[PDB]
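What follows is a single structure, written as structure tokens, with notes after it.
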Amino acid sequence: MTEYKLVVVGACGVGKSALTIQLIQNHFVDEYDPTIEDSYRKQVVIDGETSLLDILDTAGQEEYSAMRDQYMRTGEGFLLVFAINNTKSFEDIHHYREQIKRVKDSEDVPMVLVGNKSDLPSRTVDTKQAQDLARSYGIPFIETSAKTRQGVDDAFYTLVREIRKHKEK
Ligand SMILES: *C[C@H](F)C(=O)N1CCN(c2nc(OC[C@@H]3CCCN3C)nc3c2CCN(c2cccc4cccc(Cl)c24)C3)C[C@@H]1CC#N
Ligand SMILES: Nc1nc2c(ncn2[C@@H]2O[C@H](COP(=O)(O)OP(=O)(O)O)[C@@H](O)[C@H]2O)c(=O)[nH]1
Ligand SMILES: [Mg+2]
């Protein structure tokens with residue numbers, strides 16, 4: 001049975017954990033320890049294809065040990081998450097993009113740009129600017145709310161499709 005290793009990255013507080021739990025369990029967790037990094041597994045049906053998602057919810061600390069690279073390098077695809085009400089989280093996307101390129105040693109890594117917290121009326125990041133960034137990278141852009149589940153299937157299933165597309169090549 002097919003296993004896809006997904007990795008969720010992005011600034012503290014963007015909603016990595018809430019997005020992951022929303023995908024795996026179908027509810028919103030508004031308080032999950034910000035330091036806690038863990039893998040979540042779920043059997044899914046995408047485009048009629050049965051598979052196992054193994055999703056790393058990144059946290060811990062910013063460090064570049066051999067061991068941290070090895071672990072991130074096992075990811076087949078990455079969700080680059082920012083929050084639509086946090087400009088800095090949006091600017092930080094380039095950092096994560098660059099680290100993924102470095103550890104996979106490739107310009108062609110399956111990635112999806114995720115603008116989370118789409119339910120909030122305190123937007124600081126233009127959807128236009130977001131789309132232009134995803135376009136500059138050659139990757140899909142999905143607006144999400146972990147709170148309302150808006151876009152959550154779309155974000156994870158899109159990334160699986162990007163991985164399948166990479167695995168065919
Ligand atoms: C809030 C909670 F602690 C959290 O989610 N964290 C802490 C930060 N951490 C992290 N942070 C950065 O950068 C943070 C800012 C942005 C620009 C540079 N700094 C100032 N970068 C990373 C990580 C986790 C470890 N990451 C890493 C390390 C080696 C290889 C590699 C390969 C691909 C992708 C990554 Cl993220 C890699 C770099 C983690 C987490 C925030 C997240 N995600
Ligand atoms: N309104 C709203 N709040 C969210 C959403 N996703 C996460 N949050 C909140 O944002 C904060 C950080 O979420 P968390 O999942 O811990 O972020 P992480 O550090 O990237 O794991 C918490 O207070 C969450 O309740 C969302 O889609 N909408
Ligand atoms: Mg978290």
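Numbering starts fresh at 1 for the residues of each chain in the structure tokens, the chains themselves are lettered A, B, ... in the order given, and ligands are numbered from 1 as they appear.
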
Tell me, as a short mmCIF file (atom, residue, chain, number, x, y, z; two decimals) with C-alpha atoms, in the first residue's frame, which residues lie within 9 Å of region 82-88 of chain A, counting only C-alpha atoms; anything in the same chain fewer than 5 positions away does not count.
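Output (out-v5.cif):
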```cif
data_model
loop_
_atom_site.label_atom_id
_atom_site.label_comp_id
_atom_site.auth_asym_id
_atom_site.auth_seq_id
_atom_site.Cartn_x
_atom_site.Cartn_y
_atom_site.Cartn_z
CA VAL A 9 6.69 23.88 7.68
CA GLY A 10 6.26 27.60 8.41
CA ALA A 11 6.62 30.22 11.18
CA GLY A 13 1.74 30.24 15.13
CA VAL A 14 0.77 29.94 11.38
CA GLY A 15 -1.34 26.83 12.17
CA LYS A 16 0.87 23.80 11.19
CA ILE A 93 8.25 31.29 3.17
CA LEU A 113 1.90 27.27 -0.66
CA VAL A 114 -0.82 27.48 2.05
CA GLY A 115 -2.26 30.82 3.23
CA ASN A 116 -3.91 29.76 6.52
CA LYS A 117 -6.37 31.58 8.88
CA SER A 118 -8.59 32.58 5.91
CA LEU A 120 -9.92 35.96 10.07
CA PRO A 121 -10.85 39.58 9.10
CA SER A 122 -7.37 40.92 10.18
CA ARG A 123 -5.74 40.08 6.76
CA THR A 124 -2.28 41.70 6.22
CA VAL A 125 -1.24 39.53 3.17
CA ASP A 126 -2.95 40.13 -0.24
CA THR A 127 -4.25 36.88 -1.91
CA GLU A 143 -6.11 29.37 1.05
#
```

Shell of 7 Å around region 151-163 of chain A, only C-alpha atoms, local chain residues under 6 positions omitted, as a PyMOL selection string:
chain A and resi 19+23+46+76-77+110-112+114+142-145

Using only C-alpha atoms and all ligand atoms, which residues have at least one atom no more than 6 Å from ligand 1? Output them as a PyMOL selection string.
chain A and resi 9-12+34-35+58-64+68-69+72+92+95-96+99-100+103

Please produce an output containing C-alpha atoms for each residue in the selection, written as a PDB file, in the first residue's frame.
```pdb
ATOM      1  CA  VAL A   9       6.690  23.883   7.685  1.00  0.00           C
ATOM      2  CA  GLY A  10       6.262  27.605   8.405  1.00  0.00           C
ATOM      3  CA  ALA A  11       6.620  30.216  11.178  1.00  0.00           C
ATOM      4  CA  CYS A  12       5.508  29.588  14.813  1.00  0.00           C
ATOM      5  CA  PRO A  34       4.152  25.026  20.005  1.00  0.00           C
ATOM      6  CA  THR A  35       7.413  23.011  20.658  1.00  0.00           C
ATOM      7  CA  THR A  58       7.399  20.458  12.203  1.00  0.00           C
ATOM      8  CA  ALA A  59       8.309  22.280  15.477  1.00  0.00           C
ATOM      9  CA  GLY A  60      11.213  21.885  17.980  1.00  0.00           C
ATOM     10  CA  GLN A  61      13.940  24.508  17.451  1.00  0.00           C
ATOM     11  CA  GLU A  62      15.658  26.000  14.375  1.00  0.00           C
ATOM     12  CA  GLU A  63      18.875  23.973  14.028  1.00  0.00           C
ATOM     13  CA  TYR A  64      20.737  22.323  11.109  1.00  0.00           C
ATOM     14  CA  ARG A  68      17.571  17.180  11.459  1.00  0.00           C
ATOM     15  CA  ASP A  69      18.546  17.286   7.710  1.00  0.00           C
ATOM     16  CA  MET A  72      13.537  16.553   6.731  1.00  0.00           C
ATOM     17  CA  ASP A  92       9.636  33.693   5.911  1.00  0.00           C
ATOM     18  CA  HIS A  95      13.607  30.598   4.059  1.00  0.00           C
ATOM     19  CA  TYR A  96      11.657  27.279   4.189  1.00  0.00           C
ATOM     20  CA  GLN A  99      16.028  24.835   3.236  1.00  0.00           C
ATOM     21  CA  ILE A 100      13.864  22.246   1.337  1.00  0.00           C
ATOM     22  CA  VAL A 103      18.213  19.103   1.901  1.00  0.00           C
TER      23      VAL A 103
END
```

Which residues come within 12 Å of residue 138 (chain A), counting only C-alpha atoms, excluding same-chain residues fewer than 2 positions away, as JSON, numbers by chain?
{"A": [97, 107, 108, 109, 110, 111, 112, 113, 131, 132, 133, 134, 135, 136, 140, 141, 162]}

Could those residues be written to a file, using N, CA and C atoms, as a CSV table (one decimal), in the first residue's frame?
```
chain,number,residue,atom,x,y,z
A,97,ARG,N,11.5,27.4,1.8
A,97,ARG,CA,11.7,27.0,0.4
A,97,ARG,C,13.2,26.7,0.2
A,107,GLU,N,15.9,21.4,-7.4
A,107,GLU,CA,15.1,22.6,-7.7
A,107,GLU,C,13.6,22.1,-7.9
A,108,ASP,N,13.4,20.8,-8.0
A,108,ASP,CA,12.1,20.2,-8.4
A,108,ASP,C,11.7,19.3,-7.1
A,109,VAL,N,11.2,20.0,-6.1
A,109,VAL,CA,10.6,19.3,-4.9
A,109,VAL,C,9.1,19.6,-4.9
A,110,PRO,N,8.3,18.6,-4.7
A,110,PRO,CA,6.8,18.8,-4.6
A,110,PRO,C,6.6,19.7,-3.3
A,111,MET,N,5.9,20.8,-3.6
A,111,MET,CA,5.6,21.8,-2.5
A,111,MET,C,4.2,22.4,-2.8
A,112,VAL,N,3.5,22.9,-1.8
A,112,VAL,CA,2.3,23.7,-1.9
A,112,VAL,C,2.4,24.9,-1.0
A,113,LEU,N,2.0,26.0,-1.5
A,113,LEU,CA,1.9,27.3,-0.7
A,113,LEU,C,0.5,27.3,-0.1
A,131,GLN,N,-0.6,34.4,-4.6
A,131,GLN,CA,-0.7,33.7,-5.9
A,131,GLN,C,0.6,34.0,-6.7
A,132,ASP,N,1.0,35.2,-6.7
A,132,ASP,CA,2.2,35.7,-7.4
A,132,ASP,C,3.5,35.0,-6.9
A,133,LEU,N,3.5,34.7,-5.6
A,133,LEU,CA,4.7,34.0,-4.9
A,133,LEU,C,4.6,32.5,-5.4
A,134,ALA,N,3.5,31.9,-5.2
A,134,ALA,CA,3.3,30.5,-5.7
A,134,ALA,C,3.7,30.3,-7.2
A,135,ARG,N,3.3,31.3,-7.9
A,135,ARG,CA,3.6,31.3,-9.4
A,135,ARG,C,5.1,31.4,-9.6
A,136,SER,N,5.8,32.3,-8.9
A,136,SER,CA,7.2,32.5,-9.0
A,136,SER,C,8.0,31.2,-8.7
A,140,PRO,N,1.4,25.1,-6.6
A,140,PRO,CA,0.0,25.5,-6.3
A,140,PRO,C,-0.1,26.4,-5.0
A,141,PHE,N,-1.1,27.2,-5.0
A,141,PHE,CA,-1.5,28.0,-3.8
A,141,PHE,C,-2.9,27.6,-3.3
A,162,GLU,N,1.0,16.5,-6.4
A,162,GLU,CA,2.3,17.1,-6.8
A,162,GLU,C,3.4,16.0,-6.6
```

With distances taken over only C-alpha atoms and all ligand atoms, which of A:89, A:106, A:51, A:43 is nearest to ligand 2?
A:89

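Those residues in region 77-142 of chain A carrying a DSSP assignment of strand (DSSP E or B), computed from the backbone, are residues 77, 78, 79, 80, 81, 82, 83, 111, 112, 113, 114, 115, 116, 141 and 142 of chain A.
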
Could you take the residues named above and write them with N, CA and C atoms, as a PDB file, in the first residue's frame?
```
ATOM      1  N   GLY A  77       7.126  15.671  -0.064  1.00  0.00           N
ATOM      2  CA  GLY A  77       6.486  16.955  -0.377  1.00  0.00           C
ATOM      3  C   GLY A  77       6.281  17.789   0.864  1.00  0.00           C
ATOM      4  N   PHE A  78       6.206  19.107   0.697  1.00  0.00           N
ATOM      5  CA  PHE A  78       6.187  20.103   1.800  1.00  0.00           C
ATOM      6  C   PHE A  78       5.000  21.056   1.587  1.00  0.00           C
ATOM      7  N   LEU A  79       4.238  21.306   2.652  1.00  0.00           N
ATOM      8  CA  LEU A  79       3.254  22.411   2.734  1.00  0.00           C
ATOM      9  C   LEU A  79       4.016  23.583   3.334  1.00  0.00           C
ATOM     10  N   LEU A  80       4.170  24.670   2.580  1.00  0.00           N
ATOM     11  CA  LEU A  80       4.740  25.950   3.047  1.00  0.00           C
ATOM     12  C   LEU A  80       3.589  26.797   3.558  1.00  0.00           C
ATOM     13  N   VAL A  81       3.466  26.853   4.870  1.00  0.00           N
ATOM     14  CA  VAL A  81       2.335  27.532   5.534  1.00  0.00           C
ATOM     15  C   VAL A  81       2.773  28.911   6.042  1.00  0.00           C
ATOM     16  N   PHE A  82       1.971  29.924   5.716  1.00  0.00           N
ATOM     17  CA  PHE A  82       2.010  31.257   6.353  1.00  0.00           C
ATOM     18  C   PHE A  82       0.597  31.579   6.833  1.00  0.00           C
ATOM     19  N   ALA A  83       0.460  32.596   7.674  1.00  0.00           N
ATOM     20  CA  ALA A  83      -0.856  33.091   8.130  1.00  0.00           C
ATOM     21  C   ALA A  83      -1.202  34.405   7.422  1.00  0.00           C
ATOM     22  N   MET A 111       5.886  20.817  -3.572  1.00  0.00           N
ATOM     23  CA  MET A 111       5.582  21.828  -2.530  1.00  0.00           C
ATOM     24  C   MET A 111       4.207  22.437  -2.833  1.00  0.00           C
ATOM     25  N   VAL A 112       3.489  22.874  -1.800  1.00  0.00           N
ATOM     26  CA  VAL A 112       2.261  23.683  -1.929  1.00  0.00           C
ATOM     27  C   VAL A 112       2.355  24.873  -0.974  1.00  0.00           C
ATOM     28  N   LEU A 113       1.985  26.045  -1.470  1.00  0.00           N
ATOM     29  CA  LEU A 113       1.899  27.267  -0.663  1.00  0.00           C
ATOM     30  C   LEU A 113       0.504  27.309  -0.054  1.00  0.00           C
ATOM     31  N   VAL A 114       0.434  27.510   1.260  1.00  0.00           N
ATOM     32  CA  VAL A 114      -0.820  27.480   2.051  1.00  0.00           C
ATOM     33  C   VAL A 114      -0.934  28.799   2.799  1.00  0.00           C
ATOM     34  N   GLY A 115      -1.945  29.600   2.481  1.00  0.00           N
ATOM     35  CA  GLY A 115      -2.258  30.825   3.234  1.00  0.00           C
ATOM     36  C   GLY A 115      -3.348  30.498   4.233  1.00  0.00           C
ATOM     37  N   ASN A 116      -2.984  30.289   5.490  1.00  0.00           N
ATOM     38  CA  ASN A 116      -3.907  29.759   6.520  1.00  0.00           C
ATOM     39  C   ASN A 116      -4.540  30.929   7.274  1.00  0.00           C
ATOM     40  N   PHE A 141      -1.113  27.180  -4.953  1.00  0.00           N
ATOM     41  CA  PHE A 141      -1.477  28.018  -3.787  1.00  0.00           C
ATOM     42  C   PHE A 141      -2.880  27.650  -3.336  1.00  0.00           C
ATOM     43  N   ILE A 142      -3.045  27.373  -2.042  1.00  0.00           N
ATOM     44  CA  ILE A 142      -4.345  27.018  -1.418  1.00  0.00           C
ATOM     45  C   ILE A 142      -4.562  27.889  -0.182  1.00  0.00           C
TER      46      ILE A 142
END
```

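Compared by their closest atoms to residue 31 (chain A), and using only C-alpha atoms, the residues A:147, A:50, A:101, A:45 rank with A:147 nearest.
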
Residues at most 9 Å from residue 28 (chain A), counting only C-alpha atoms, excluding those fewer than 4 positions away in the same chain, as a list in words?
residues 18, 19, 21, 22, 146, 147, 148 and 149 of chain A

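When only C-alpha atoms are used to compute distances to residue 4 (chain A), the closest of the residues A:139, A:36, A:29, A:44 turns out to be A:44.
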
For atom 26 (C, counted along the ligand's line) of ligand 2 and CA of residue 30 (chain A), quote the distance in Å rounded to one decimal.
8.1 Å

So, with only C-alpha atoms and all ligand atoms as the atoms that count, which of A:41, A:1, A:56, A:164 lies closest to ligand 2?
A:56

Among the residues of region 62-152 of chain A, find those DSSP assigns to helix (DSSP H, G or I) from the backbone and print them as a PyMOL selection string.
chain A and resi 66-73+87-91+93-104+127-137+152

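Counting only C-alpha atoms and all ligand atoms and comparing A:47, A:75, A:137, A:119, the residue that lies closest to ligand 2 is A:119.
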